[PDB]
Chemist: 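Pasting in a structure now, in structure tokens, and then I'll have a few things to ask.
Computation of the quantities below employed the complete heavy-atom set of this structure, encompassing side-chain atoms and omitting hydrogens, waters and symmetry-equivalent molecules. Residue numbering restarts at 1 for every chain, and letters A, B, ... go by the order of the sequence lines.
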Amino acid sequence: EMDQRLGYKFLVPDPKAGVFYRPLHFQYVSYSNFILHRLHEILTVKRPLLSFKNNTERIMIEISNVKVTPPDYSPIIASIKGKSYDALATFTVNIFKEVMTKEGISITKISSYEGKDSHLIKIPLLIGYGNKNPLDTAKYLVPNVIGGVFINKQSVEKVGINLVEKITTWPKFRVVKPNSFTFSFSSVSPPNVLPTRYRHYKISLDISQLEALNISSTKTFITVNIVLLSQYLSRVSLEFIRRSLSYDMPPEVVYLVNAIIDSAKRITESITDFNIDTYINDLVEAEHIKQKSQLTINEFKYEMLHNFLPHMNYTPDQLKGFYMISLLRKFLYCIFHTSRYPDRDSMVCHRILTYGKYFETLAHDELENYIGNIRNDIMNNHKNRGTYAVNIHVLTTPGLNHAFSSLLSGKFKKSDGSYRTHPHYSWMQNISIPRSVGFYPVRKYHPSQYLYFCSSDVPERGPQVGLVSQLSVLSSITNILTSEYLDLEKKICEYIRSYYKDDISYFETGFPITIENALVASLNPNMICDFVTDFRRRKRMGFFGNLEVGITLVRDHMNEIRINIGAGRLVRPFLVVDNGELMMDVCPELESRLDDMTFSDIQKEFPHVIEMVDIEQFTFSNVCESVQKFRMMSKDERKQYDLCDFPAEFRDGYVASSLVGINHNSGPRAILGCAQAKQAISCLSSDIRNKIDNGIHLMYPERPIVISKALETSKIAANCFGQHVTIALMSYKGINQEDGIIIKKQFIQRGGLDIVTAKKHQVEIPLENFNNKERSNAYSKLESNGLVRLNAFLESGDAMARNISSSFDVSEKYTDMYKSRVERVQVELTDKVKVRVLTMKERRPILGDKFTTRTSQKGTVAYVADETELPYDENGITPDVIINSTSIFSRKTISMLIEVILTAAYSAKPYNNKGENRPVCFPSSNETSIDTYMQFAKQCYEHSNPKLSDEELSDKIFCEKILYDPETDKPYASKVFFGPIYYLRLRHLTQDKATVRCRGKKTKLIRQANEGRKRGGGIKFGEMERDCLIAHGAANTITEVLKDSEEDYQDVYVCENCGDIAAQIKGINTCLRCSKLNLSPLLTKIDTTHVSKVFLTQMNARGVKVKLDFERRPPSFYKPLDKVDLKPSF
Amino acid sequence: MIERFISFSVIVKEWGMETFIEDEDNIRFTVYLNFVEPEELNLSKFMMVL
Amino acid sequence: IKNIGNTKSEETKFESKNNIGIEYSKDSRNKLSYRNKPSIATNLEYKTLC
Ligand SMILES: [Zn+2]
């Protein structure tokens, strides 16, 4: 059970490391890194804009003095007053020309601007833990607040998710067509290079044309044979490359290798006196002439061949050539063994964007647009005018404001889901949403998602099915600053070059070593294992100054060593296995010292017990699934493993940690349970009486006592999401069928599962209308000041504020079928009048309201039964809720029975041997035997009543009782499952869905009933309902349903000649078109819909003439008919 | 199968075939070949597609 | 066995070391129009070949 305790140690706070709330910690830091450090680096620039003469006459733009300050009011004040919560950033800009002189540097100012006192930049600020932001270093925390939200201009709370980056860390393979393949990859500059440079390359291979094995891009690089390019970069022979590409390959790949090399040699020999430099130069010049570049040939060539690989800038060329060779090797291997190469949907080849990265990218893009606009304006001014004058109004709008506002509005590049308005359904949502990860449109459950994302928490319907995942409680996403990045990279490179001096220059048969995909050396194969082991050891001791460095050893036949340090990687802790020895089992002091140590203390004082591992390293390792399974293996078997995993309860997310024993039920039920856990009503907010917002609040909350540790550390348990009620599993007169339930009247009367719904109303009124002096029947709740009275109840026709247009009332109206009480009123007076109102209503359960358990057994109230009508036990107890028993066993929700048993056991003995309140641990992904739980319950009951017979004790353990019919007072045939359980109320209420329409408004174009529940719209009679009516054979009924109302009839005449609707002039029906042509056609009455007339007129507008004829059947007469019998002859 | 492939190949110049019984449970088909120019490139292509 | 051929006319899943040759054999451009007779002598211990 030591592994469980070590796991628990990660979930609790770690003050020594600055972790005050683990679940959201990685998000806090993500934002803190942007606002405090990265923004300054992005803005502080000093760059040329234009150059003249020859590198001796250039305009320069500089930005400095960046300052950021927080607001002067708390977020609650911002909510009440209707303000926004933004930090203010200011900076100074200088534009000046510089002329290079032999005497030194000559400086001549042109323009300068400052934003010392102005809203130069407004940056939305993250509320954070305890309503505390990173700018304000106060010393007061609001309890039970975790934050993670923004407040926008209109005073609306916003919350966001994480997003998978578009750029991959592994090349993508694709079969263009039979025997024709491609291999595409990308290169990006390191973090400390501003602005960032990007390059995208594609390698094409076709079996029919092996001379055209070409690497290409779009308007940034030449199209050249990759083998010849490698020769040019590395200055090595073709035989060297042949030997390299086939050193440790299966024989079927060597044939393709030989064919490629021979094709390259043929190209080389096809030219007279071949020279590689001349070949490359000719290609470059041909590209130069093909494009209309105005640069000199030398400039074009230097630009092309110096920015070839941005991620490997400032390295010799031979390393670039060897990098190309390794890419080709992987390409060929993937050609012959595709299923063994990382797939494009694998998590191995992706990284994830957190809160701060959105802001960082937007700042980058906006700064670049700003500088570009300044350059264009200066160039235009020089072209038209002289002196190089910089226009004003182009250096005062950096454009960050609209970028950030749009970001919060829910738009981000080609995505539209990064941020959204916070739905205030439950407290736990503040954890659930910021820990979500979204993928671009893949819906299958890929194996690489396991153990880092929750298995059961995914959308169950809609367009997002299989596109949103939830982090496990032990997973995190990495952060790192630029200076830390540089220091770490330097230390790693120094270690490599110092401790392996003589064996890092193989380049033909060795394993290349890359850092962030940048090749830095090539290791002797015989020493791969040692290098990795010694590396990991030094990683765990803090030798490199960072414990989250990832190292991967790829060996199938691709033969690579990869090192990863960048931000956006998924990481988890694992137990270390060293030389077939579980370190946790050889550290006796740890067991005694654990209780007094934090997680970082364990890492510092007992290294080699736990290691932080990222997903790519995990995917290529050998990991034992459990400590128990490890202990059952022989030593030789143990020697094959690198890591050991923690128990399964740590593989669920925080939402799924609200459920109990999900691995004892069917999986679909787990998906449903995760879905409905977020809709349970809870203690939503400490500011119930202050915040002017929508919400639903639980009235007399109870803390669950059959729980998991994660539910306790996250504080979801402390904020409550249900109540303990007494249930019976039986059939009640055949009423509770198909998921209907029985509920007790007196339980409802006393406050059982009572809630309060709160709603926000907002209006804007012109000042004249508000002050207008005339009592309409809709103003009965108003005071003399024109505002609704406090504590009054509003009805479905009342107005909240006086709004008269001048002698007509034009105010908005309350439109709910239930009344509500006025809790708060806030008014702002300006050119207009803005009124905000908060109302509340308590809602005791009624017929149709929805409930559920923690095992996904949901139902609606089917009958409210009086206490005297319910069955009772020998102690006089009647159940609060009755649920039909069959559904428990047809859906296989076994853990519900175990939960009831344990809740009863706790009720019998709720305290420790020390007398302290003792919760019972029943985690999701349980792992504890049912017999052990039964023994625990038996001990509880034996402590309660020492003198019980065997039958009574068995009945108590199994929660079985004899119940009596209240009408006759006689027992039922057999005993009934009966006991307490934590029960949840869901947000679906009957009176929020009921609708009815008698008559109302119509749409103008087609003159049919309007749409909208709040606007009194009508229900739509669709065409499938029409199909059903036709299937019944009810022709008149469907005809009357589809026609216009009989009360809207009017006389309409149509011309039988041209089909136009006849006009009526001076009471005479006339066809204008035909009259103009001197014709006298017949006009006939029609009875059709308005929409038909609109459709026909539009068709006429498109040039199609529609003419109608009419039936003039000759008159018919009835004739007597002879009689017919039709009966048989019997 | 082997003979029909080799006979109509556009990259084979001269060829001959023979068959041997290695033992009670193995058969050896031997092919003698000379390819068209270029030689080694066509050799690799042939070994790849055979 | 009689001459039954193939042309580029349901999806298949071959081992990809055979798929290269299989898809190569589907192109009529890779076959000679007339059979190329053997030219390297073999099976010298038999007259049934004649
Ligand atoms: Zn007419």
Chemist: Nearest heavy-atom pair of A:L870 and A:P966: which atoms, and what distance?
Modeler: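 Taking A:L870 first and A:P966 second, the nearest heavy atoms are O-CG, 3.4 Å.
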Chemist: With a 3.5 Å distance limit and no angle check, can you tell me whether A:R669 reaches the backbone of A:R891 through a side-chain donor-acceptor pair?
Modeler: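 Side chain of A:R669 to backbone of A:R891: no pair is present.
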Chemist: Can you name the residues that form a ring pair (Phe, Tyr, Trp, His ring centres under 6.0 Å) with A:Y21, not counting sequence neighbours?
Modeler: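 Applying ring pair (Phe, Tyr, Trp, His ring centres under 6.0 Å) to A:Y21 gives A:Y129.
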Chemist: List for me each residue that meets ring pair (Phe, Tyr, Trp, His ring centres under 6.0 Å) alongside A:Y982, sequence neighbours excluded, and say none if there are none.
Modeler: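 Ring pair (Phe, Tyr, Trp, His ring centres under 6.0 Å) list for A:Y982, sorted by chain: A:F721, A:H724.
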Chemist: Under 3.5 Å, is there a donor-acceptor pair between the side chain of A:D645 and the main chain of A:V623?
Modeler: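 Here the side-chain-to-backbone pair does not exist.
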Chemist: If only atom types and distance count, is the side chain of A:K850 paired as donor or acceptor with the main-chain N or O of A:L989 below 3.5 Å?
Modeler: no
Chemist: Would you call A:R843-A:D849 a salt bridge at under 4.0 Å N-O?
Modeler: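 Salt bridge between A:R843 and A:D849, a charged N being under 4.0 Å from a carboxylate O: no.
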Chemist: Excluding sequence neighbours, so at least two apart, what forms ring pair (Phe, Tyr, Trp, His ring centres under 6.0 Å) with A:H697?
Modeler: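 With neighbours one apart ignored, the set is empty.
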Chemist: Inspect the contact between A:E842 and A:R844 and indicate whether a charged nitrogen and a carboxylate oxygen are less than 4.0 angstrom apart.
Modeler: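 Judged by the 4.0 Å cut-off on N to carboxylate O distance, A:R844 and A:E842 do form a salt bridge.
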Chemist: Spell out, as yes or no, whether a donor-acceptor pair under 3.5 Å connects the side chain of A:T990 to the backbone of A:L847.
Modeler: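 Yes, A:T990 side chain to A:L847 backbone: donor-acceptor pair under 3.5 Å.
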Chemist: Any donor and acceptor pair, going by atom type alone, linking the side chain of A:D873 with main-chain N or O of A:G876 inside 3.5 Å?
Modeler: yes
Chemist: What I want to check is whether the side chains of A:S925 and A:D652 have a donor and an acceptor closer together than 3.5 Å.
Modeler: yes
Chemist: Walk me through whether A:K759 and A:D816 qualify under salt bridge (charged side-chain N to carboxylate O under 4.0 Å, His left out).
Modeler: CA-CA 11 Å; A:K759 187 173 176 180; A:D816 279 314; 3.3 Å; yes
Chemist: Of all residues at least two apart in sequence or in a different chain, which pass the ring pair (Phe, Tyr, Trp, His ring centres under 6.0 Å) check with A:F922?
Modeler: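 A:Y933.
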Chemist: Does one side chain, of A:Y906 or A:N917, offer a donor that lies under 3.5 Å from an acceptor on the other?
Modeler: yes
Chemist: What pair of heavy atoms forms the shortest contact from A:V655 to A:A677, and how long is it?
Modeler: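 In this case the closest contact between A:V655 and A:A677 is CG1-CB, 4.2 Å.
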Chemist: Can you check whether A:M428's main-chain N or O pairs, donor with acceptor, with A:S426's side chain at less than 3.5 Å?
Modeler: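 Not a single qualifying donor-acceptor pair exists.
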Chemist: Taking all heavy atoms of A:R703 and all of A:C720, pick out the closest pair and write down the distance.
Modeler: N-SG, 3.9 Å
Chemist: Are there more than 12 heavy atoms of other residues, nucleotides or ligands under 6.0 Å from atom NZ of A:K760?
Modeler: yes
Chemist: Is a donor on one side and an acceptor on the other found under 3.5 Å between the side chain of A:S472 and the backbone of A:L474?
Modeler: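 Not at all, since once roles are kept as given, no pair shorter than 3.5 Å links the two residues.
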Chemist: Who are the side chain to side chain contact (heavy atoms under 4.5 Å, CB included) partners of A:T995, not counting sequence neighbours?
Modeler: A:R1013
Chemist: Under the rule for side chain to side chain contact (heavy atoms under 4.5 Å, CB included), what residues qualify as partners of A:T713, not counting sequence neighbours?
Modeler: A:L11, A:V12, A:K709
Chemist: Using a 6.0 Å cut-off, check whether atom CG of A:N912 has over 12 heavy atoms from anything other than its own residue.
Modeler: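 Yes.
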Chemist: Please answer whether the main-chain N or O of A:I877 pairs with a side-chain N or O of A:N875 as donor and acceptor at a distance below 3.5 Å.
Modeler: no
Chemist: Quick test of your reading: applying ring-ring contact (aromatic ring centres under 6.0 Å, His included), list the pairs with at least one residue in residues 428-460 of chain A, sequence neighbours left out, ordered by first then second residue.
Modeler: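 Pairs touching residues 428-460 of chain A that pass the test: A:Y452-A:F618.
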Chemist: By side chain to side chain contact (heavy atoms under 4.5 Å, CB included), which residues pair with A:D693, not counting sequence neighbours?
Modeler: A:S79, A:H424, A:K691
Chemist: A:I735: which residues meet the side chain to side chain contact (heavy atoms under 4.5 Å, CB included) condition with it, sequence neighbours left out?
Modeler: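 For A:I735 the side chain to side chain contact (heavy atoms under 4.5 Å, CB included) partners, ignoring immediate neighbours, are A:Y732, A:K733, A:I742, A:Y863.
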Chemist: I'd like to know if the side chain of A:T903 and the backbone of A:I981 have a donor-acceptor N/O pair within less than 3.5 Å.
Modeler: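 Judged by distance alone, no pair lies under 3.5 Å.
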Chemist: Under the rule for salt bridge (charged side-chain N to carboxylate O under 4.0 Å, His left out), what residues qualify as partners of A:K841, not counting sequence neighbours?
Modeler: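 If we apply the salt bridge (charged side-chain N to carboxylate O under 4.0 Å, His left out) test to A:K841, skipping adjacent residues, there are no hits.
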Chemist: Between A:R854 and A:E899, is a salt bridge (charged side-chain N to carboxylate O under 4.0 Å, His left out) present by the stated rule, with each step listed?
Modeler: CA-CA 9 Å; A:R854 292 199 276 169; A:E899 184 187 353; 3.2 Å; yes
Chemist: For A:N665 and A:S895, does a side-chain donor sit closer than 3.5 Å to a side-chain acceptor?
Modeler: yes
Chemist: Pairs in or reaching into residues 967-983 of chain A: which pass salt bridge (charged side-chain N to carboxylate O under 4.0 Å, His left out), with residues at least two apart or in two chains?
Modeler: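 Applying salt bridge (charged side-chain N to carboxylate O under 4.0 Å, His left out) to every pair that reaches into residues 967-983 of chain A, excluding sequence neighbours, yields A:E951-A:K975, A:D955-A:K975.
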Chemist: Do the side chains of A:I681 and A:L986 get nearer than 4.5 Å, heavy atoms only?
Modeler: no
Chemist: So, A:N884 side chain and A:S731 main chain: donor-acceptor pair closer than 3.5 Å or not?
Modeler: no
Chemist: Could you name each residue pair satisfying side-chain hydrogen bond (donor to acceptor under 3.5 Å, both in side chains) that touches residues 672-684 of chain A, not counting sequence neighbours?
Modeler: A:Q676-A:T852, A:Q679-A:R987, A:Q679-A:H988
Chemist: Considering non-hydrogen atoms only, spot the tightest contact between A:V976 and A:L729 and give its length.
Modeler: CG1-O, 3.6 Å
Chemist: Would you say the side chains of A:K909 and A:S944 form a donor-acceptor pair under 3.5 Å?
Modeler: no
Chemist: Within the structure provided, determine whether A:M699 and A:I755 are in side-chain contact (heavy-atom separation under 4.5 Å).
Modeler: no
